[PDB]
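Colleague: Chains as they are written, first to last, in the deposited numbering: chain A, 2 to 590; chain B, 2 to 590; chain A', 2 to 590. A prime marks a further copy of an entry chain. Ideal Cβ placement from N, Cα and C applies to all residues, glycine included.
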Ligand SMILES: [Mn+2]
Ligand SMILES: [Mn+2]
Ligand SMILES: [Mn+2]
Ligand SMILES: [Mn+2]
Ligand SMILES: [Mn+2]
Ligand SMILES: [Mn+2]
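1. Taking a cut-off of 7 angstroms, which residues have a beta-carbon closer than that to any heavy atom of ligand 7, in chain order?
2. Who are the near neighbours of residue 432 of chain A in its chain, counting only those whose CB is closer than 6 angstroms to its CB and skipping five residues on each side?
3. Please identify, using Cβ separations under 9 angstroms, the residues of the segment 500-517 of chain A that lie next to chain B, in order along the chain.
4. Give every residue of the same chain whose Cβ lies closer than 8 angstroms to the Cβ of residue 334 of chain B, excluding the five residues on either side of it in the sequence, and list them in chain order.
5. With a cut-off of 7 angstroms, give the chain-ordered residues whose Cβ is closer than this to any heavy atom of ligand 2.
6. Taking residue 379 of chain A as the query, report the chain B residues whose CB atoms sit under 9 angstroms from its CB, ordered along the chain.
7. What residue ranges within the segment 149-227 of chain A form continuous alpha helix (DSSP H) runs of no fewer than 4 residues, ordered along the chain?
8. List the endpoints of the continuous alpha helix (DSSP H) containing residue 509 of chain A'.
9. Would you tell me roughly how many angstroms separate the C-alpha atoms of residue 31 of chain A' and residue 131 of chain A', rounded to the nearest one?
10. So if DSSP puts residue 436 of chain A' in a beta bridge, which residue, or which two residues, is it bridged to?
11. Does the beta-carbon distance from residue 458 of chain B to residue 484 of chain B come in below 8 angstroms?
12. From residue 107 of chain B to residue 77 of chain B, what does the alpha carbon distance come to, in whole angstroms?
13. Quick one: list the residues of chain B neighbouring residue 181 of chain A', beta-carbon separation under 7 angstroms, in chain order.
14. Check whether the Cβ atoms of residue 566 of chain A and residue 283 of chain A lie closer than 8 angstroms to each other.
15. Check the Cβ of residue 212 of chain A' against every Cβ in chain A and list those closer than 8 angstroms, keeping chain order.
16. Name, please, each residue of chain B whose Cβ falls closer than 8 angstroms to the Cβ of residue 203 of chain A'.
17. Use the C-beta contact count for residue 252 of chain A': other C-beta atoms within 10 angstroms, 16 or more gives buried, fewer gives exposed.
18. For residue 201 of chain B, I'd like the list of residues in its chain whose CB is within less than 8 angstroms of its CB, leaving aside the five on either flank, ordered along the chain.
19. With C-beta atoms as the reference, is residue 217 of chain B less than 8 angstroms away from residue 183 of chain B?
20. Could you tell me if residue 180 of chain A' is buried or exposed, where buried requires 16 or more neighbouring beta carbons within 10 angstroms of its beta carbon?
21. Give the list of continuous beta strand (DSSP E) stretches no shorter than 3 residues that lie fully inside the segment 2-34 of chain A'.
22. Under the rule that 16 or more other beta-carbon atoms within 10 Å means buried, what is residue 321 of chain A, buried or exposed?
23. Just how far apart, CA to CA, sit residue 149 of chain B and residue 400 of chain A?
24. For residue 90 of chain A, which residues in the same chain have their Cβ closer than 6 angstroms to its Cβ, ignoring the five residues on either side in sequence?
25. Verify the CB distance criterion: does residue 217 of chain A' have a CB-CB separation below 8 angstroms to chain A?
26. Run through chain B and tell me which residues come within less than 7 angstroms of residue 298 of chain A', C-beta to C-beta.
27. Excluding the five sequence neighbours on either side, which residues of its own chain have a C-beta within less than 8 angstroms of the C-beta of residue 446 of chain A', listed in chain order?
28. DSSP three-state call for residue 467 of chain B: helix, strand or coil?
29. Name, please, each residue of chain B whose Cβ falls closer than 9 angstroms to the Cβ of residue 340 of chain A'.
30. Beta-carbon of residue 276 of chain A' versus every beta-carbon of chain A: anything under 8 angstroms?
31. Find the residues of chain A' that neighbour residue 312 of chain A, judging by a C-beta separation of less than 7 angstroms, and give them in chain order.
32. If we cut at 8 angstroms on Cβ distances, does residue 196 of chain A' have a partner in chain A?
33. Step through the CB atoms of chain B and report whether any lies within less than 8 angstroms of the CB of residue 50 of chain A'.
34. Excluding sequence positions up to five away, which residues of its chain have a Cβ less than 6 angstroms from the Cβ of residue 307 of chain A?
35. In the DSSP assignment, the alpha helix (DSSP H) including residue 323 of chain A goes from what residue to what residue?
See below:
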């Protein structure tokens, strides 16, 4: 399938049916069963893994079973021509290891060996994995716990989970290759994550780095380099659906009625310009701006904003809010991963979660750790339930996807859904639960509008953050948990003394009693940056698998160890201490 | 303050109050609060951290709050000009990360972010730490667990503990820079730690290595190159305060009355010469020995002794005992860290504890592990209380600070206090509990006097040892515990069959039931050398912090995990296995 | 002396007079001669090395001769308090190597041993250098070729050259530490050198990295955040001294009279804003812009310009031209090193040359290699003299210091002089030889004015370029040579078919017949970037010494090998192939 926004086609998954090369009876008796395995996996993935636009992932099966190097080469050739970016080998029998291996170092790969007795399928799995480990080509091993009878095409639940987790992680990795990260502006207020380290994007993600000074926005606004007809529709949509909340600026800092109207007009134009920069716009070509019409083929981007832009122009809160949302004046759509303060590392943190879920991601500041003692002192209220041991205030500096309201619903529960599953009611409620507040001029002299909402509680979420550390390189931290509800009056008190015009999410991380998860305080004390990305659901296991494919160690996570799924080679670096083995594997491999 | 013994001034602690650069609002409303925060830290440190001579540590505060690079540069300039060797950044608000950072890679640094709600102080803390981690400049992060109201001048207990631990560790590290280790003699009886590895002193401690052959003592004794007036006073003092115990040498090995008198005279001259070599002596100038008067500016030194010196001259027991003590014929004073058998690694182990506590350190041999079974077999006594699981006999080859008697008392408990807190009674009791015994001529042919005492039990102590391992470099081991009392009859039996003319300390390490602390046997079986250093108190956490500043991994320690305080970067190398992360961080950073 | 533009004081040079520690006659007889050596060096440097503002460098001599570690520590202490950033040890006798060494790893250091016979001065030089080499502390060795009689205070010419070369290089290195590189804008048109690699600035130069989006210029222009009184004086000065040349834009691309006037006004404001950003401006504080008044303490900066800024606003040609010049509407002054296209690596290339000469540096594109064959075909003229083997066209995209005209004169020859040596005539002639041309709108849509001049021929110059290569890090290339004159009609033809509105310098590199200097073509074919920096004079030897102090290998240079002066340690890595030894030394040390 053609990628609807970026150059090229969406990555496909190649299935390699390996077989015993011996004829005279052996191979002849196994071709049908082997191909059936390949077809079963293709069916499973097509029903469980989808591209960001909702289309089911597409699979490519080798033209013949693979019993030797000639057929292995043929599969490699077909996969290269078909645009395969992930490979899965399947077999119910013994096959000749190195002769049948996928030797492409640039493709995530897994091997599923049927747990049958008639033929040495597990023997092949273990044999070929030894080969992948010996040759330095990381590969995932999938072995079902229960013996299945010959010919059984039903895929066991444990096998299904691994195939799907591998496929999603593999697809996410394949998705980033060749795409750009667009840096709009430069470093924002000395934030480390806004410094662009090209080596990371190039060598770990296979991405390109593009740059554009914020003065580009001045030019496009002044010369009207954007779809004027869309602009008018957008402004109208905003006036009808975006409710303006109270102005907290005290008289001396309040902007005039005229300024506030201009703040909206420019805020909308900023949204159009940012999107046009990321994916281009044919309309610009028709207007006589052919170069600008091309776009920067960016699957993720960031906007510096403070201090230079915001000291004079409306801030990027609205732009950053709307782009990351799953809808706007043009209807429901996939989000455009966009980082506040040009924090490219948070942008990538968001991108990882997005590519694994197809859901909008929430950019946030790890603002305050509220202990039970502190909440009791300040409000007189004793935290209860999930919040009993403390909570963490997640709140970005004025911008957050409207999906963050938690108003979208599934089975009577709060969630964030892929845009293609949204109902008109879901969207309507997200908007109703949001208030747009005139920006605090003491911080944002140029005005603008911040996003004010409160995430509904009880929603499972995962916060994560990618950091780059000297002497180590990229490193990922993860914290699965839940959003919580506080009594209205309690929230109001904690909220008012912090930043009531910004978006709030009350978070409680799952505790393990060990490491950085002994208590809630420790989770925040061990967070390596001032920002994090929030995704709906518990995607820690998926992030761990994705990280291992990228050779990015995970310094902190609260995912049950039984759910850790990494390439087989990792176990060769240690089975007692998985964390240490992870660092050793990422460094050597 | 001027260092009373070494070149230059004592290290100062610089306080950097960082602030939001935005004026016409934010900055003006935070100027007083931020500067007051800095002043509060200075006050706290001045009341809890003291130089080795008892003077309160001196702090330097930036002339203005730091909101950008210009002010950061001005703070760096002022700090360099005023002799700052440790820095602490403080703030209650958001500040511009890299623009406000302390970029001096040569000084220990910490950042304390106020846990307040009104401004993003914790956001700055995490943001700047991400910067320190990204740039490879280790920095400690201090974040209080309970939200405090704006302007709260009171520093919470958890924050206080971190500020003080960091300050003490940083000051100790700063104290060593530029000072010398003086090797008197060469390798002693093939002891690995008596081999001097200049790279360690130079690159890890910033120290210089000086050398002087023991023949220097022959020249100074023969030519009278020492303060003769002091010598006469010292001899008189020894005769009046140093009690001579029974001679255990049997006929043939017993020295004459004349020899024993000369042994005392030479032993005292040795003490004077050793001290003169370490810090110089202005008196030598008028005597016509100007070069010798200078000294070697050594904050630590060692004396080979066996086998060359002791095969003919009185041993170094008295010299090694007196220098390390907190008092002598000239009154109470700071110890002169001096290593027996020129074991420079034990000398540094002692120096670490000394610089962190200002208390005399005990040099000791890890002589015998006494299991409950062994004690029962040999004495018929069943070890009780803290000693119930076994004890370790710590006893140097004849020398130990008189402070080791444990006669010094505070609140009715045995301790070792900084010399400036000593009472006349403390000193008298230390001397009364000590007996000087004629050295065993089978070992020490030249005679001398060994120190015989028994450390009082119930005193919290910490033993430690620095080792240098090929392929790793320096590595530190720590064991907190207590001294114990044994029934007199039991002690006598164990003592008589070991070395009753030497100083005894019965030690029991705290057990954790894990690692090398599963049992008392394991603690000794895992000790990496024949020597260790004993400090009063449980200073393991302090030592761990100091080790991390020095990038020296800790291979073994029984400090509760919750008390481990290392630079923020360490967590980036692992949160589940702190030991592994420590090795990874020390090597890469 | 106080640095007139940056925080702190200008670096001082410390002189360490080492001596034999032996009294009884030796030391007593040498103190006078040893101190006399120290004084002689101080005098020599004060008369030959000057700070960028023309003030003579300041030296600090140790309070006593250094015969041991105590005195060495005293010198280190005095130097630290006096602001010493470069050290030179001097002695006419034998001294105790490691006991007298300068152990500061962060200070460039040299040792001058008197070539006398009475005392082993050369023995000390060789002995201590062996120590510096063994300890990994690079130090330069200075030994005169001719034996001098005892007490001779005259410094031989060969010794003088090394002392001065070391001092200038050392001072240049000391000058950069603690200063900022200010990035104005982001990457310019995918130019590699405009990507900022913080690790380079931090670890090699000890510099800070500051960032500001070009939108800052929009704000300051719109809100009048600059000295309006100076602005008026500047505009008047421009109208009176900057002659406007012909407009080459063809009708359809010509800007109106009104636009051209605005182009001048904005171009001038850009100059003021850029300078204010680099060093601050007290006037801004008086105007109510206290934060902006501070500046970014930048000793070098860059402006992205194309494509974002220039697509709408007047280009940075005038700003980049005037800042780099040695004069403007406020009179003669030190240049402000400013990089076109935010090429920070060319900015540093320029900074190296500037700090070694105090003269304005020329930013240029290595545009065209003109072979004799090509010139003959295109013009019918046969290149003569120095140009006989071909020439290289150096011409930046519209900006160049007016000093580049070569109109400044000394002894009837064309030169570029430090601003403090300029005569009114020199300045007047630089302006008269320059024409400001309306910018080519096909490239610069926002207009502006390019600098059009022709560098006078016969001037000795050195072009250089710093590049950062993956797997190597920073690497420097140098090409000494001369500017040449072409017959007027010949220049006109080559010029008109290239870019006649930009500044031209015709360059001929000195050839060696080997390496990258076998012919003129090879010099350009081996240039590692599209830009270079031009400095008056043959400063290749100075750049080589500076590079070795910074541990930056020199991949290409045409400096006679007899003039190569690097730390003594370099010879330990090879004496046959100096280039290979350079790479080996820079990597290991
Ligand atoms: Mn933020
Ligand atoms: Mn709200
Ligand atoms: Mn011993
Ligand atoms: Mn005893
Ligand atoms: Mn150019
Ligand atoms: Mn011209």
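Modeller: Inspection of the coordinates gives the following:
1. Ligand 7 is not part of the structure shown, which contains ligand 1, ligand 2, ligand 3, ligand 4, ligand 5 and ligand 6 as its ligands.
2. Counting only Cβ-Cβ distances below 6 angstroms, and skipping sequence neighbours, we find 242.
3. Among the residues of the segment 500-517 of chain A, those with a Cβ less than 9 angstroms away from any Cβ of chain B are 500, 515, 516 and 517, in the order of the chain.
4. 327, 328 and 420
5. A:436, A:453, A:454, A:455, A:496, A:501 and A:505
6. What residue 379 of chain A touches in chain B: 118, 148 and 150.
7. The segment 149-227 of chain A is shown to contain whole alpha helix (DSSP H) runs of 4 or more residues at 158-177 and 216-223, in chain order.
8. Here residue 509 of chain A' belongs to no alpha helix (DSSP H); instead the beta strand (DSSP E) covers 506-510.
9. 24 angstroms
10. A':453
11. yes
12. 12 angstroms
13. 70
14. no
15. 187 and 188
16. 104 and 136
17. exposed
18. 469, 474 and 475
19. Taking a C-beta distance under 8 angstroms as the contact criterion, residue 217 of chain B and residue 183 of chain B do not qualify as a contact pair.
20. buried
21. 13-18
22. Classification for residue 321 of chain A: buried.
23. 26 angstroms
24. Residues 17, 19 and 112 of the same chain have their beta carbon placed closer than 6 angstroms to that of residue 90 of chain A, with the five preceding and five following residues left out of the count.
25. yes
26. Under the 7 angstroms cutoff, chain B gives 70, 71 and 74.
27. 311, 312 and 313
28. strand
29. Near residue 340 of chain A' there are no residues of chain B at all, since even the closest Cβ is about 19 angstroms away, more than 9 angstroms.
30. no
31. 220
32. In terms of beta-carbon proximity, residue 196 of chain A' lines the interface with chain A, with at least one pair separated by less than 8 angstroms.
33. no
34. Closer than 6 angstroms at Cβ, skipping near neighbours: 189 and 190.
35. Unbroken alpha helix (DSSP H) run through residue 323 of chain A: 318-325.
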